[PDB]
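*Asks:* What follows is structure.txt, made up of compact mmCIF, C-alpha atoms and all ligand atoms:
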```txt
# COMPACT_ATOMS: atom_id res chain seq x y z
CA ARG A 15 94.39 -81.88 -161.74
CA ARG A 16 91.04 -83.65 -162.11
CA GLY A 17 90.59 -87.30 -161.22
CA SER A 18 89.06 -90.00 -163.39
CA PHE A 19 90.79 -92.53 -161.07
CA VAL A 20 89.39 -90.91 -157.90
CA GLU A 21 87.81 -94.10 -156.54
CA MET A 22 91.26 -95.70 -156.34
CA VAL A 23 92.81 -92.88 -154.31
CA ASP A 24 93.53 -93.88 -150.71
CA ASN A 25 92.83 -97.57 -151.35
CA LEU A 26 95.94 -98.56 -149.37
CA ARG A 27 96.56 -98.77 -145.63
CA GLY A 28 99.66 -99.66 -143.64
CA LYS A 29 103.17 -98.30 -143.12
CA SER A 30 106.76 -98.92 -144.28
CA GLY A 31 107.63 -101.05 -141.27
CA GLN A 32 104.84 -103.59 -141.69
CA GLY A 33 103.69 -103.24 -145.29
CA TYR A 34 101.03 -101.49 -147.36
CA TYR A 35 97.93 -103.48 -148.26
CA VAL A 36 94.87 -103.30 -150.50
CA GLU A 37 91.53 -105.08 -150.19
CA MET A 38 90.96 -107.94 -152.63
CA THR A 39 87.75 -109.95 -152.94
CA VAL A 40 88.11 -113.59 -153.86
CA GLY A 41 85.68 -116.37 -154.67
CA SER A 42 81.91 -116.71 -154.66
CA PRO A 43 80.21 -115.65 -152.59
CA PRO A 44 82.65 -112.75 -151.84
CA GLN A 45 85.55 -113.19 -149.41
CA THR A 46 87.41 -109.90 -148.97
CA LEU A 47 90.92 -109.97 -147.50
CA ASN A 48 93.72 -107.44 -146.85
CA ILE A 49 96.59 -108.10 -149.27
CA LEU A 50 100.19 -106.87 -149.15
CA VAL A 51 101.18 -104.86 -152.25
CA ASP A 52 104.52 -106.48 -153.19
CA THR A 53 106.61 -105.49 -156.23
CA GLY A 54 109.44 -107.78 -155.09
CA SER A 55 107.69 -111.08 -155.85
CA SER A 56 105.26 -112.59 -158.37
CA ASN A 57 102.94 -114.96 -156.50
CA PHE A 58 99.42 -114.10 -155.37
CA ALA A 59 98.85 -115.99 -152.11
CA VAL A 60 96.52 -115.78 -149.13
CA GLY A 61 96.47 -117.35 -145.69
CA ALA A 62 93.94 -120.19 -145.89
CA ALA A 63 93.97 -121.48 -142.31
CA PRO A 64 93.82 -119.94 -138.83
CA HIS A 65 97.03 -118.28 -137.63
CA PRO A 66 97.81 -116.24 -134.45
CA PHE A 67 98.62 -113.15 -136.53
CA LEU A 68 95.66 -113.43 -138.93
CA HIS A 69 92.21 -111.95 -138.26
CA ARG A 70 90.73 -113.74 -141.26
CA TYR A 71 91.63 -116.19 -143.99
CA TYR A 72 90.53 -117.71 -147.28
CA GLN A 73 87.99 -120.54 -146.92
CA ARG A 74 88.13 -122.43 -150.21
CA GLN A 75 85.31 -124.86 -149.42
CA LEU A 76 82.92 -121.90 -149.22
CA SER A 77 83.86 -120.67 -152.72
CA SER A 78 81.86 -122.36 -155.48
CA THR A 79 84.20 -120.93 -158.13
CA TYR A 80 87.43 -122.23 -156.59
CA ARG A 81 89.34 -124.75 -158.72
CA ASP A 82 92.07 -126.79 -157.01
CA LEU A 83 95.09 -127.24 -159.30
CA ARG A 84 96.15 -130.35 -157.34
CA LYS A 85 99.70 -129.05 -156.98
CA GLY A 86 101.55 -127.55 -154.04
CA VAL A 87 103.87 -124.55 -153.98
CA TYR A 88 106.67 -123.42 -151.65
CA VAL A 89 107.87 -119.82 -151.67
CA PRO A 90 110.92 -118.61 -149.74
CA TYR A 91 111.82 -114.90 -149.57
CA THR A 92 114.84 -113.09 -148.14
CA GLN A 93 112.59 -112.90 -145.07
CA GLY A 94 110.01 -115.60 -144.38
CA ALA A 95 108.60 -118.50 -146.38
CA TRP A 96 105.30 -120.31 -146.85
CA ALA A 97 103.80 -123.47 -148.31
CA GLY A 98 100.37 -123.80 -149.85
CA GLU A 99 98.07 -125.34 -152.44
CA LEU A 100 97.73 -123.94 -155.96
CA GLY A 101 94.36 -123.16 -157.50
CA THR A 102 92.38 -120.47 -159.30
CA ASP A 103 89.35 -118.38 -158.35
CA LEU A 104 87.57 -115.17 -159.27
CA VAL A 105 89.35 -112.07 -157.97
CA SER A 106 88.32 -108.40 -157.90
CA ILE A 107 89.74 -105.31 -156.21
CA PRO A 108 86.81 -103.30 -154.71
CA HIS A 109 88.74 -100.04 -154.81
CA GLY A 110 90.78 -100.92 -157.88
CA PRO A 111 89.78 -101.55 -161.52
CA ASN A 112 86.14 -102.31 -162.32
CA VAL A 113 86.83 -105.85 -163.52
CA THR A 114 86.87 -109.44 -162.29
CA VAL A 115 89.40 -112.01 -163.45
CA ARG A 116 90.18 -115.66 -162.83
CA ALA A 117 93.63 -115.71 -161.27
CA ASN A 118 96.06 -118.21 -159.86
CA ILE A 119 95.86 -118.15 -156.07
CA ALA A 120 98.04 -120.00 -153.59
CA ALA A 121 96.25 -120.97 -150.39
CA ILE A 122 98.84 -120.66 -147.61
CA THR A 123 98.44 -123.54 -145.16
CA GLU A 124 101.79 -123.27 -143.37
CA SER A 125 104.37 -120.51 -142.96
CA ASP A 126 107.52 -119.47 -141.13
CA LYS A 127 108.30 -115.87 -140.17
CA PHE A 128 106.10 -114.53 -142.98
CA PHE A 129 102.93 -113.05 -141.49
CA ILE A 130 103.52 -110.09 -139.18
CA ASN A 131 101.69 -109.48 -135.90
CA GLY A 132 99.65 -106.28 -136.10
CA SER A 133 100.25 -105.69 -139.82
CA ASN A 134 96.58 -106.37 -140.57
CA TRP A 135 97.26 -108.14 -143.89
CA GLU A 136 96.48 -111.79 -144.59
CA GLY A 137 97.98 -112.34 -148.03
CA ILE A 138 100.45 -111.04 -150.61
CA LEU A 139 100.08 -109.73 -154.16
CA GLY A 140 103.28 -110.37 -156.10
CA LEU A 141 103.29 -107.75 -158.86
CA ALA A 142 106.60 -108.68 -160.48
CA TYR A 143 107.04 -110.81 -163.60
CA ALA A 144 106.56 -114.52 -164.31
CA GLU A 145 110.29 -115.24 -164.47
CA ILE A 146 110.53 -115.26 -160.66
CA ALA A 147 107.17 -116.92 -159.95
CA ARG A 148 107.06 -120.26 -158.11
CA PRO A 149 106.95 -123.18 -158.91
CA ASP A 150 108.08 -121.71 -162.25
CA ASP A 151 107.31 -119.07 -164.88
CA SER A 152 104.32 -121.05 -166.14
CA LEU A 153 102.26 -119.86 -163.15
CA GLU A 154 100.88 -116.64 -164.61
CA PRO A 155 101.10 -113.73 -162.11
CA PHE A 156 97.96 -111.76 -161.16
CA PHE A 157 98.74 -108.60 -163.14
CA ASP A 158 99.48 -110.64 -166.25
CA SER A 159 96.07 -112.32 -165.91
CA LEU A 160 94.50 -108.89 -165.42
CA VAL A 161 96.02 -107.49 -168.62
CA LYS A 162 95.28 -110.58 -170.72
CA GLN A 163 91.64 -110.94 -169.59
CA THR A 164 90.62 -107.27 -169.60
CA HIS A 165 91.28 -103.96 -171.33
CA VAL A 166 92.93 -102.44 -168.24
CA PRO A 167 96.17 -100.75 -169.44
CA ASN A 168 99.37 -102.61 -168.56
CA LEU A 169 100.53 -100.23 -165.84
CA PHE A 170 100.00 -99.37 -162.18
CA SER A 171 101.36 -96.66 -159.92
CA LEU A 172 102.00 -96.45 -156.19
CA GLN A 173 101.89 -93.54 -153.76
CA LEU A 174 103.05 -94.82 -150.38
CA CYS A 175 102.61 -92.29 -147.60
CA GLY A 176 104.48 -92.54 -144.31
CA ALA A 177 104.15 -90.64 -141.04
CA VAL A 190 99.20 -93.87 -142.69
CA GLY A 191 98.07 -95.20 -146.06
CA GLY A 192 98.49 -94.63 -149.78
CA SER A 193 97.14 -95.24 -153.28
CA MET A 194 97.56 -97.93 -155.91
CA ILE A 195 96.24 -96.64 -159.23
CA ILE A 196 95.67 -99.55 -161.61
CA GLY A 197 95.47 -98.93 -165.34
CA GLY A 198 96.70 -95.36 -165.23
CA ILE A 199 98.23 -92.33 -163.56
CA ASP A 200 96.46 -89.94 -161.16
CA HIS A 201 97.82 -86.40 -161.51
CA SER A 202 96.61 -85.32 -158.06
CA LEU A 203 99.08 -87.73 -156.45
CA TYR A 204 102.23 -85.89 -157.53
CA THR A 205 103.78 -82.53 -158.35
CA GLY A 206 106.38 -81.55 -160.92
CA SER A 207 107.38 -83.93 -163.71
CA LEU A 208 107.64 -87.71 -163.87
CA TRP A 209 111.13 -88.99 -164.69
CA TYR A 210 111.55 -92.47 -166.14
CA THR A 211 114.24 -95.10 -165.74
CA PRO A 212 114.20 -98.24 -167.89
CA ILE A 213 113.21 -101.62 -166.52
CA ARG A 214 116.45 -103.42 -167.44
CA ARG A 215 114.93 -106.91 -167.37
CA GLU A 216 111.45 -108.23 -166.70
CA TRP A 217 111.79 -110.53 -163.67
CA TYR A 218 112.08 -108.31 -160.58
CA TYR A 219 111.52 -104.63 -161.38
CA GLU A 220 115.23 -104.16 -162.10
CA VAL A 221 116.74 -100.70 -162.56
CA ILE A 222 120.24 -99.24 -162.88
CA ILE A 223 121.73 -96.76 -160.42
CA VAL A 224 124.52 -94.75 -162.03
CA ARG A 225 125.62 -92.46 -159.20
CA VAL A 226 125.16 -91.88 -155.47
CA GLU A 227 125.70 -88.66 -153.53
CA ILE A 228 125.53 -87.91 -149.82
CA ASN A 229 124.77 -84.24 -149.22
CA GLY A 230 125.90 -83.41 -152.75
CA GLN A 231 129.12 -85.38 -152.38
CA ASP A 232 129.73 -88.23 -154.81
CA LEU A 233 130.36 -91.53 -153.01
CA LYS A 234 132.92 -92.13 -155.79
CA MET A 235 132.42 -95.89 -156.13
CA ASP A 236 132.55 -97.69 -159.47
CA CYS A 237 128.87 -97.67 -160.44
CA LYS A 238 128.99 -101.44 -161.07
CA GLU A 239 129.10 -101.87 -157.27
CA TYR A 240 125.75 -100.06 -156.91
CA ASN A 241 124.05 -102.74 -158.99
CA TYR A 242 126.28 -105.71 -158.16
CA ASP A 243 123.96 -108.63 -158.68
CA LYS A 244 121.01 -106.30 -159.35
CA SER A 245 119.08 -103.23 -158.15
CA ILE A 246 115.32 -103.56 -157.76
CA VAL A 247 112.30 -101.68 -156.49
CA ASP A 248 110.36 -103.60 -153.84
CA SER A 249 107.33 -102.06 -152.14
CA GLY A 250 107.26 -105.08 -149.82
CA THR A 251 110.71 -104.49 -148.23
CA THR A 252 111.09 -101.76 -145.61
CA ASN A 253 114.67 -100.56 -146.05
CA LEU A 254 117.03 -99.25 -148.67
CA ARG A 255 119.20 -102.38 -148.81
CA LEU A 256 122.71 -102.05 -150.23
CA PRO A 257 125.53 -104.43 -151.20
CA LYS A 258 128.11 -104.68 -148.40
CA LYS A 259 130.79 -102.51 -150.04
CA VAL A 260 128.25 -99.79 -150.87
CA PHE A 261 126.63 -99.95 -147.43
CA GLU A 262 129.97 -99.39 -145.67
CA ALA A 263 130.88 -96.41 -147.87
CA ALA A 264 127.44 -94.83 -147.48
CA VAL A 265 127.46 -95.18 -143.69
CA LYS A 266 130.94 -93.67 -143.40
CA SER A 267 129.76 -90.70 -145.49
CA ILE A 268 126.46 -90.30 -143.62
CA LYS A 269 128.25 -90.44 -140.25
CA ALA A 270 130.68 -87.73 -141.37
CA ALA A 271 127.85 -85.52 -142.66
CA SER A 272 125.93 -85.80 -139.38
CA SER A 273 128.91 -85.24 -137.07
CA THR A 274 127.04 -82.55 -135.11
CA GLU A 275 125.70 -85.30 -132.84
CA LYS A 276 127.44 -88.60 -132.17
CA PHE A 277 125.54 -91.87 -132.44
CA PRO A 278 126.65 -95.34 -131.31
CA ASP A 279 128.04 -97.66 -133.99
CA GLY A 280 125.16 -100.09 -133.47
CA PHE A 281 122.71 -97.42 -134.63
CA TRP A 282 124.06 -97.58 -138.19
CA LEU A 283 123.74 -101.39 -138.01
CA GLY A 284 120.12 -101.32 -136.83
CA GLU A 285 121.21 -102.84 -133.51
CA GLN A 286 120.46 -99.66 -131.56
CA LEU A 287 117.63 -97.13 -131.67
CA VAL A 288 117.76 -93.44 -130.78
CA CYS A 289 114.75 -91.54 -129.46
CA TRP A 290 114.08 -87.79 -129.20
CA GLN A 291 111.52 -85.81 -127.21
CA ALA A 292 108.27 -85.47 -129.16
CA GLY A 293 108.85 -83.02 -132.01
CA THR A 294 112.54 -82.35 -131.35
CA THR A 295 114.26 -84.63 -133.88
CA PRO A 296 117.06 -82.53 -135.47
CA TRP A 297 116.41 -83.51 -139.10
CA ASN A 298 118.63 -80.65 -140.31
CA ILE A 299 121.79 -82.35 -139.01
CA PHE A 300 121.24 -85.43 -141.20
CA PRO A 301 122.25 -85.41 -144.90
CA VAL A 302 120.08 -86.02 -147.94
CA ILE A 303 120.88 -88.96 -150.20
CA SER A 304 120.71 -88.73 -153.98
CA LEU A 305 120.38 -91.81 -156.15
CA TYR A 306 120.93 -91.18 -159.87
CA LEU A 307 119.07 -93.52 -162.21
CA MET A 308 119.64 -94.24 -165.89
CA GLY A 309 117.31 -92.13 -168.01
CA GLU A 310 115.47 -92.87 -171.25
CA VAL A 311 117.89 -91.02 -173.53
CA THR A 312 121.54 -91.85 -174.21
CA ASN A 313 123.93 -90.39 -171.60
CA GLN A 314 121.00 -88.84 -169.72
CA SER A 315 120.12 -89.54 -166.09
CA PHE A 316 118.04 -88.01 -163.32
CA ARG A 317 118.16 -88.24 -159.53
CA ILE A 318 115.75 -88.79 -156.68
CA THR A 319 116.69 -87.21 -153.36
CA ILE A 320 115.91 -88.94 -150.07
CA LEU A 321 115.49 -87.02 -146.79
CA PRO A 322 116.43 -88.29 -143.31
CA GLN A 323 112.70 -88.47 -142.55
CA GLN A 324 112.75 -91.38 -145.01
CA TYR A 325 115.84 -93.34 -143.95
CA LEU A 326 115.16 -92.80 -140.23
CA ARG A 327 111.87 -94.59 -139.59
CA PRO A 328 109.72 -94.31 -136.43
CA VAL A 329 109.53 -97.55 -134.46
CA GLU A 330 105.96 -98.36 -133.38
CA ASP A 331 105.59 -95.77 -130.61
CA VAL A 332 105.55 -97.28 -127.12
CA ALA A 333 102.17 -95.76 -126.17
CA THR A 334 101.78 -92.04 -126.84
CA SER A 335 104.92 -91.11 -124.91
CA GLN A 336 107.13 -88.01 -125.02
CA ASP A 337 109.78 -89.81 -127.08
CA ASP A 338 109.96 -90.56 -130.81
CA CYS A 339 112.21 -93.57 -131.43
CA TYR A 340 113.91 -94.19 -134.77
CA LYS A 341 115.73 -97.02 -136.49
CA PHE A 342 118.25 -96.51 -139.31
CA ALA A 343 116.41 -97.83 -142.39
CA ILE A 344 119.46 -98.48 -144.56
CA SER A 345 120.94 -101.97 -144.28
CA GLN A 346 123.07 -104.50 -146.11
CA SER A 347 122.17 -107.13 -148.67
CA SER A 348 124.03 -109.97 -150.36
CA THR A 349 121.63 -110.00 -153.32
CA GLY A 350 121.98 -106.51 -154.76
CA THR A 351 120.37 -103.15 -154.03
CA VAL A 352 116.74 -103.02 -152.94
CA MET A 353 114.88 -99.73 -153.01
CA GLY A 354 112.23 -100.45 -150.39
CA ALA A 355 109.20 -98.64 -149.01
CA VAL A 356 111.09 -95.89 -147.14
CA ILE A 357 112.54 -94.87 -150.50
CA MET A 358 109.17 -95.05 -152.29
CA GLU A 359 107.40 -93.03 -149.57
CA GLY A 360 108.83 -89.76 -150.80
CA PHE A 361 107.53 -90.37 -154.33
CA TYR A 362 104.74 -91.33 -156.71
CA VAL A 363 106.13 -94.39 -158.50
CA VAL A 364 104.80 -95.45 -161.90
CA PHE A 365 105.36 -99.08 -162.93
CA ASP A 366 104.83 -98.57 -166.66
CA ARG A 367 105.02 -102.22 -167.70
CA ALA A 368 103.70 -101.40 -171.19
CA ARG A 369 106.72 -99.20 -171.94
CA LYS A 370 109.19 -101.14 -169.78
CA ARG A 371 109.99 -98.20 -167.52
CA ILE A 372 109.50 -96.92 -163.98
CA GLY A 373 108.66 -93.29 -163.33
CA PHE A 374 109.37 -91.17 -160.26
CA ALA A 375 107.78 -87.86 -159.27
CA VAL A 376 107.58 -85.88 -156.05
CA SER A 377 104.70 -87.35 -154.06
CA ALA A 378 101.71 -85.22 -153.09
CA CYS A 379 102.18 -86.74 -149.62
CA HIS A 380 105.95 -86.24 -149.45
CA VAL A 381 107.04 -85.73 -145.84
CA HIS A 382 109.40 -82.75 -145.86
CA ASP A 383 110.07 -79.73 -143.64
CA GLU A 384 110.54 -75.96 -144.00
CA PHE A 385 114.18 -76.42 -145.02
CA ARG A 386 114.27 -79.37 -147.43
CA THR A 387 111.97 -81.50 -149.56
CA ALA A 388 112.29 -84.85 -151.32
CA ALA A 389 112.86 -84.26 -155.02
CA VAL A 390 113.24 -85.68 -158.51
CA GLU A 391 115.55 -83.62 -160.68
CA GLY A 392 117.10 -83.81 -164.12
CA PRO A 393 118.47 -84.09 -166.63
CA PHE A 394 122.13 -84.76 -165.89
CA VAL A 395 124.86 -85.87 -168.26
CA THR A 396 126.24 -89.28 -167.29
CA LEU A 397 128.47 -91.22 -169.69
CA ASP A 398 129.01 -95.00 -169.84
CA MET A 399 125.82 -95.81 -167.88
CA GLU A 400 125.35 -99.15 -169.65
CA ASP A 401 128.56 -100.40 -168.02
CA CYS A 402 126.98 -99.98 -164.56
CA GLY A 403 124.88 -103.12 -165.01
CA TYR A 404 125.90 -106.63 -163.97
CA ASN A 405 126.12 -109.47 -166.50
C1 LIG B 1 108.66 -106.56 -140.02
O1 LIG B 1 109.60 -107.26 -140.85
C2 LIG B 1 110.58 -106.36 -141.36
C3 LIG B 1 110.08 -105.60 -142.59
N1 LIG B 1 109.81 -106.48 -143.73
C4 LIG B 1 108.38 -106.79 -143.99
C5 LIG B 1 107.85 -105.94 -145.09
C6 LIG B 1 106.35 -105.81 -144.98
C7 LIG B 1 107.21 -104.59 -144.81
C8 LIG B 1 107.40 -103.70 -145.97
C9 LIG B 1 110.86 -106.96 -144.50
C10 LIG B 1 110.65 -107.81 -145.63
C11 LIG B 1 111.79 -108.24 -146.34
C12 LIG B 1 111.47 -109.02 -147.54
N2 LIG B 1 112.12 -110.08 -148.09
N3 LIG B 1 111.51 -110.46 -149.14
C13 LIG B 1 110.43 -109.69 -149.29
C14 LIG B 1 109.28 -109.69 -150.27
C15 LIG B 1 109.83 -110.21 -151.62
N4 LIG B 1 108.91 -108.27 -150.43
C16 LIG B 1 108.18 -110.59 -149.67
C17 LIG B 1 107.78 -110.41 -148.22
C18 LIG B 1 108.43 -111.27 -147.24
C19 LIG B 1 108.12 -111.07 -145.84
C20 LIG B 1 107.16 -110.04 -145.47
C21 LIG B 1 106.51 -109.18 -146.44
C22 LIG B 1 106.82 -109.37 -147.85
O2 LIG B 1 110.41 -108.83 -148.30
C23 LIG B 1 113.09 -107.83 -145.93
CL1 LIG B 1 114.47 -108.24 -146.84
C24 LIG B 1 113.26 -107.00 -144.80
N5 LIG B 1 114.48 -106.55 -144.36
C25 LIG B 1 115.45 -107.49 -143.76
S1 LIG B 1 114.71 -104.94 -144.13
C26 LIG B 1 114.26 -104.59 -142.42
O3 LIG B 1 113.77 -104.25 -144.97
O4 LIG B 1 116.10 -104.68 -144.30
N6 LIG B 1 112.15 -106.61 -144.14
```
Using the file provided, produce a representation of the structure as structure tokens.
Ligand SMILES: COCCN(C[C@H]1C[C@@H]1C)c1cc(-c2nnc([C@](C)(N)Cc3ccccc3)o2)c(Cl)c(N(C)S(C)(=O)=O)n1
*Replies:*
Amino acid sequence: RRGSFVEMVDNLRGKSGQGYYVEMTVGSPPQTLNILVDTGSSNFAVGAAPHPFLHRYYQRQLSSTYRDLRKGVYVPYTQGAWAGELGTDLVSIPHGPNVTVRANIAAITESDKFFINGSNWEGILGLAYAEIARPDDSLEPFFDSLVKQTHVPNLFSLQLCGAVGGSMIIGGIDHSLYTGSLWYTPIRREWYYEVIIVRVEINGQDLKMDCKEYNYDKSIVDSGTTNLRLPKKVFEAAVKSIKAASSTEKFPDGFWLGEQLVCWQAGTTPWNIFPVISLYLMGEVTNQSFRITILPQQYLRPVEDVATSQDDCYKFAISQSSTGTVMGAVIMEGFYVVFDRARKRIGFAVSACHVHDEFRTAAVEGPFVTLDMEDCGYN
């Protein structure tokens, strides 16, 4: 109810389509920049040279505390890539924990399809583990430096709100950001924030696929990816089921492939005709699972409105991946997500800013009995 972490509430801005970012102050004297909150990577990097899409950038020569590591780094993602120079400098988060640490920082000098026009962020905060850091796992990630250099508890939580901001609570949980109970799923391995999906239902109907397919390769939570990305075989089955459940109105095939958009008169989108999606996650007790339910308001995302027109355009936010399942921002938006690194688990609870209607609401429910969940993981 109360809020000891009140000063961290609403410290995020942005949206699912372009990313959620937090202010971070680097160097001395202070240089504050807007940084993308990214749980799908582990490198802390900031644009360090002028770029058409950047309003500001890190000026290392002006920072007396900057230490050049004399080594370059190249980081490619599923989307975009950048090259920069490695170094370290003092870093603080104005609206985050009351601490200052010396962290590794990559100064981005060149990039390709990474920065996004109009996103308003100039850097990225990789919050995942050292195993996937570049050049290698010896480059300590920011959060690891934070936990080793201070007494801030090894945990952070994210409340991403869609429609235009959110909250990143560092060091704890803020009870005003969620309702009901928090349900935890184990972090299977500490590299990406890997989880295990044991069952998938579309409008209460089991997709009936071998659960190994749901996590083929891996299933991760990435606040820096827009969509719910699914392995080809799973994507096809889910789309066929979703299409059948929303047969009231016919949509072109390209819509389900993100090739076509569909717009409705302002305030007329028939949410009720679209099904809810339930993803069951492995629980903390043997043979016990829980599920998070996703509404169409989540998987149908508004595409940057033309200019206050009488039409709301939407893009299907479920797509395919060849590298496993990715639970992106549209999935996280309906919930308060706790990245409990200390106890190697991720918690989900109904968000205090969950976008629902008078008929249905996003939810987190349990417990359910699910046998042989261990066998759902890929080895
Ligand atoms: C406008 O571009 C489309 C949306 N966007 C940008 C994300 C910022 C918004 C959340 C984005 C980022 C990545 C993606 N790949 N790898 C990552 C990291 C590891 N999070 C790093 C990162 C790279 C580039 C920008 C921001 C962060 O993200 C991916 Cl697969 C996709 N898809 C293809 S999608 C539309 O979601 O199916 N889209």
*Asks:* Go through A:367, A:234, A:214, A:148 and flag the residue nearest residue A:309, using only C-alpha atoms for the distances.
*Replies:*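 That would be A:214, the residue with the smallest distance to residue A:309.
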*Asks:* In Å, how far is it from atom CA of residue A:66 to atom CA of residue A:340?
*Replies:*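 Taking atom CA of residue A:66 as the start and atom CA of residue A:340 as the end point, the length is 27.3 Å.
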*Asks:* Given all atoms listed in the file as the basis, pick out the residue of A:336, A:118, A:18, A:345 nearest to ligand LIG 1 (chain B).
*Replies:*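 Result for the nearest residue to ligand LIG 1 (chain B): A:345.
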*Asks:* In Å, rounded to a single decimal, give me how far atom CA of residue A:216 is from atom CA of residue A:310.
*Replies:* 16.5 Å
*Asks:* Could you give me the residues within 9 Å of ligand LIG 1 (chain B), counting only C-alpha atoms and all ligand atoms, as a PDB file with C-alpha atoms, keeping the file's coordinate frame?
*Replies:*
```
ATOM      1  CA  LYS A  29     103.170 -98.300-143.120  1.00  0.00           C
ATOM      2  CA  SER A  30     106.760 -98.920-144.280  1.00  0.00           C
ATOM      3  CA  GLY A  31     107.630-101.050-141.270  1.00  0.00           C
ATOM      4  CA  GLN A  32     104.840-103.590-141.690  1.00  0.00           C
ATOM      5  CA  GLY A  33     103.690-103.240-145.290  1.00  0.00           C
ATOM      6  CA  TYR A  34     101.030-101.490-147.360  1.00  0.00           C
ATOM      7  CA  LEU A  50     100.190-106.870-149.150  1.00  0.00           C
ATOM      8  CA  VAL A  51     101.180-104.860-152.250  1.00  0.00           C
ATOM      9  CA  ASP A  52     104.520-106.480-153.190  1.00  0.00           C
ATOM     10  CA  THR A  53     106.610-105.490-156.230  1.00  0.00           C
ATOM     11  CA  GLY A  54     109.440-107.780-155.090  1.00  0.00           C
ATOM     12  CA  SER A  55     107.690-111.080-155.850  1.00  0.00           C
ATOM     13  CA  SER A  56     105.260-112.590-158.370  1.00  0.00           C
ATOM     14  CA  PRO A  90     110.920-118.610-149.740  1.00  0.00           C
ATOM     15  CA  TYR A  91     111.820-114.900-149.570  1.00  0.00           C
ATOM     16  CA  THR A  92     114.840-113.090-148.140  1.00  0.00           C
ATOM     17  CA  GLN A  93     112.590-112.900-145.070  1.00  0.00           C
ATOM     18  CA  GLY A  94     110.010-115.600-144.380  1.00  0.00           C
ATOM     19  CA  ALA A  95     108.600-118.500-146.380  1.00  0.00           C
ATOM     20  CA  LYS A 127     108.300-115.870-140.170  1.00  0.00           C
ATOM     21  CA  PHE A 128     106.100-114.530-142.980  1.00  0.00           C
ATOM     22  CA  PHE A 129     102.930-113.050-141.490  1.00  0.00           C
ATOM     23  CA  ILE A 130     103.520-110.090-139.180  1.00  0.00           C
ATOM     24  CA  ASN A 131     101.690-109.480-135.900  1.00  0.00           C
ATOM     25  CA  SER A 133     100.250-105.690-139.820  1.00  0.00           C
ATOM     26  CA  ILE A 138     100.450-111.040-150.610  1.00  0.00           C
ATOM     27  CA  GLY A 140     103.280-110.370-156.100  1.00  0.00           C
ATOM     28  CA  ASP A 248     110.360-103.600-153.840  1.00  0.00           C
ATOM     29  CA  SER A 249     107.330-102.060-152.140  1.00  0.00           C
ATOM     30  CA  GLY A 250     107.260-105.080-149.820  1.00  0.00           C
ATOM     31  CA  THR A 251     110.710-104.490-148.230  1.00  0.00           C
ATOM     32  CA  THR A 252     111.090-101.760-145.610  1.00  0.00           C
ATOM     33  CA  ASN A 253     114.670-100.560-146.050  1.00  0.00           C
ATOM     34  CA  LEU A 254     117.030 -99.250-148.670  1.00  0.00           C
ATOM     35  CA  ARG A 255     119.200-102.380-148.810  1.00  0.00           C
ATOM     36  CA  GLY A 284     120.120-101.320-136.830  1.00  0.00           C
ATOM     37  CA  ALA A 343     116.410 -97.830-142.390  1.00  0.00           C
ATOM     38  CA  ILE A 344     119.460 -98.480-144.560  1.00  0.00           C
ATOM     39  CA  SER A 345     120.940-101.970-144.280  1.00  0.00           C
ATOM     40  CA  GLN A 346     123.070-104.500-146.110  1.00  0.00           C
ATOM     41  CA  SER A 347     122.170-107.130-148.670  1.00  0.00           C
ATOM     42  CA  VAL A 352     116.740-103.020-152.940  1.00  0.00           C
ATOM     43  CA  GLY A 354     112.230-100.450-150.390  1.00  0.00           C
ATOM     44  CA  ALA A 355     109.200 -98.640-149.010  1.00  0.00           C
ATOM     45  CA  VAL A 356     111.090 -95.890-147.140  1.00  0.00           C
TER      46      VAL A 356
END
```
*Asks:* Here is a test: counting all atoms listed in the file, which residue of A:257, A:360, A:149, A:86 is nearest to residue A:122?
*Replies:*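 The answer is A:86, which sits nearest to residue A:122.
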*Asks:* Closest to residue A:222 among A:358, A:237, A:47, A:104, using all atoms listed in the file?
*Replies:*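 The shortest atom-to-atom distance to residue A:222 comes from A:237.
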*Asks:* Closest to residue A:330 among A:98, A:132, A:110, A:167, using only C-alpha atoms?
*Replies:*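 Of A:98, A:132, A:110, A:167, the one nearest residue A:330 is A:132, counting only C-alpha atoms.
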